[PDB]
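>>> Structure for this input, please:
(one chain, ligands or ions: 5)
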Amino acid sequence: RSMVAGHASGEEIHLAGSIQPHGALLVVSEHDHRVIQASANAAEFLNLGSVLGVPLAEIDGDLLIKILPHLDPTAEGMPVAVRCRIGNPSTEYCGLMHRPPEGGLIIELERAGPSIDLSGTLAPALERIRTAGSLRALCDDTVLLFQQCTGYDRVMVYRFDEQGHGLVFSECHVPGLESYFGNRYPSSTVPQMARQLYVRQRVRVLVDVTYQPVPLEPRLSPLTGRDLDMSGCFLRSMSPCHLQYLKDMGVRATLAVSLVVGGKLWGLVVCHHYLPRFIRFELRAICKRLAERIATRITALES
Ligand SMILES: C=CC1=C(C)/C(=C/c2[nH]c(/C=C3N=C(/C=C4\NC(=O)[C@H](C)[C@H]4C=C)C(C)=C\3CCC(=O)O)c(CCC(=O)O)c2C)NC1=O
Ligand SMILES: [Cl-]
Ligand SMILES: [Cl-]
Ligand SMILES: [Cl-]
Ligand SMILES: [Cl-]
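Residues are numbered from 1 along each chain as shown. Ligands and ions are numbered 1, 2, ... in the order given. Have a look at this structure:
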């Protein structure tokens, strides 16, 4: 840090090596079911005395009993989310599990909330999507639906053209904010490797733009000797160049949902808040569902 000067002292976004602090991340080796990497906050987040090197079986609570049914790997059910209790004092979490191509089993834990009961909201949302008669109507209904379901201060459909340039194609926002409707932005604002990642990982939640990243410990995977592939991690810390851009805009929190059409990133539903904001698993899942439905309608509309 300060003690190293002289000449030698002078981005792959999926290899962040760190998470956002609203969750905890465990990496488990499946030969022994022991934690081989964890976010540095994990023991305090989960109210455990220790975490790194611990067998899942010995972790206070029921995480192991809750994940066992999903571990047999042929069952091609992952990624999957489980609800469990961990820690002393005990807390309910939702645990999102997936396997990176190498490096073990990742378990990302957020504090659990209640059941969200939006099925009566969702029936008519689905009818508006399925009957929209043009892309203009579809995307205008999309921003309204998402704003209603998520409550973010601004919701946009950010559409990509053939050269990758961004267009704010639809927008809705709370009274008195600035409108970005119809603004165009260069393709460089969403780099190609981000777009590929957003084809894999269809929802991103940035809770607080100002957060301090929480590093994984150890940083390198003990299984691979490389950084952990965090492409599938919903807690992944986001590129600092992006976080600066958001700070420059005065945005505090974001939710983005991919629109994938014919296997390409067609656009994004992009939501901004002016205070920190988190949407829990059950709501993210509904967002994902809506985005699949929208992409189906876009495919039909385009011919
Ligand atoms: C209304 C205006 C608006 C713009 C222009 C905007 C750009 C944008 N950049 C990104 C992502 C990234 N941008 C950049 C890079 C830059 N951006 C710049 O302005 C610089 C020239 C350039 C270096 C700072 C990078 C690396 C990402 C990936 C973020 C990540 O997923 O970690 C996303 C996806 C957000 C998400 O999925 O959470 C969007 C939507 N997001 C917006 O809401
Ligand atoms: Cl393993
Ligand atoms: Cl159309
Ligand atoms: Cl139009
Ligand atoms: Cl404030």
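
>>> what kind of secondary structure is residue 277 in?
coil (DSSP: H, G, I helix; E, B strand; the rest coil).

>>> which residues touch stretch 42-62?
Residues external to stretch 42-62 that are found in contact with it (Cβ atoms under 8 Å, 6 or more residues apart in numbering): 23-26, 28, 32-39, 63-64, 67, 84-91, 93, 109, 217. Just so you know, the C-beta spots here come from the backbone N, C-alpha and C atoms, and that holds for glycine as well.

>>> how many neighbours does the residue in the stretch 201-303 of the chain that ligand 3 sits nearest to have?
Ligand 3 sits closest to residue 301 of the stretch 201-303 of the chain, with a gap of 4.8 Å, by Cβ to the ion. A total of 15 residues lie near residue 301 under the criterion other Cβ atoms under 10 Å.

>>> Who are the contact partners of it?
Under the criterion of Cβ under 8 Å, 6+ apart, the contact list for residue 301 reads 132, 134, 135, 138.

>>> contacting residues for the third one?
So the one you mean is residue 135. Residues in contact with residue 135 (Cβ under 8 Å, 6+ apart) are 169, 298, 301, 302.

>>> go on, the first one?
With contact set as Cβ under 8 Å, 6+ apart, residue 132 has these partners: 138, 141, 297, 301.

>>> Same question for the second one.
Residue 134 sits next to residue 301 when contact means Cβ under 8 Å, 6+ apart.

>>> and it, how far is that from ligand 3?
If you measure residue 134 against ligand 3 using Cβ to the ion, to the nearest Å, the figure is 4 Å.

>>> Repeat that for the last one.
For residue 138, the distance to ligand 3 equals 8 Å [Cβ to the ion].

>>> you'd agree that residue is in a strand?
No - following the definition three-state DSSP, residue 138 is helix and is not counted among the residues of a strand.

>>> Could you count how many residues lie near it?
As a burial measure, the neighbour count of residue 138 was computed by other Cβ under 10 Å and equals 21.

>>> ok, now which ones touch it?
Taking Cβ under 8 Å, 6+ apart as the contact definition, residue 138 lies against 129, 132, 294, 297, 298, 301.

>>> Output stretch 237-252 as CSV - backbone C-alpha positions only.
Once side chains and other backbone atoms are set aside, the C-alpha atoms of stretch 237-252 remain, and they are given as CSV (Å, rounded to 0.1, in the frame of the first residue of the first chain):
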residue,chain,number,x,y,z
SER,A,237,-19.2,-7.0,-6.8
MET,A,238,-19.6,-4.8,-9.9
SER,A,239,-17.0,-3.0,-12.0
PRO,A,240,-15.7,0.1,-10.3
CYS,A,241,-16.0,2.0,-13.7
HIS,A,242,-19.7,1.3,-13.7
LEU,A,243,-20.2,2.2,-10.0
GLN,A,244,-18.5,5.6,-10.8
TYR,A,245,-20.8,6.3,-13.6
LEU,A,246,-23.8,5.6,-11.4
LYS,A,247,-22.4,7.9,-8.6
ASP,A,248,-21.9,10.6,-11.2
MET,A,249,-25.6,10.3,-12.0
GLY,A,250,-26.7,10.4,-8.4
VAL,A,251,-28.2,6.9,-8.5
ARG,A,252,-28.0,5.0,-5.3
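
>>> Let me know the closest of the contacts of residue 132 to residue 117.
residue 141 (21.8 Å; Cβ to Cβ).

>>> so the closest one touches residue 127, yeah?
No - with contact taken as Cβ atoms under 8 Å, residue 141 and residue 127 are classed as non-touching, separated by 10.1 Å.

>>> out of these two, which sits in the more crowded spot?
The residue with the greater number of neighbours, taking residue 141 and residue 127 and applying other Cβ under 10 Å, is residue 141; the counts read 18 against 10.
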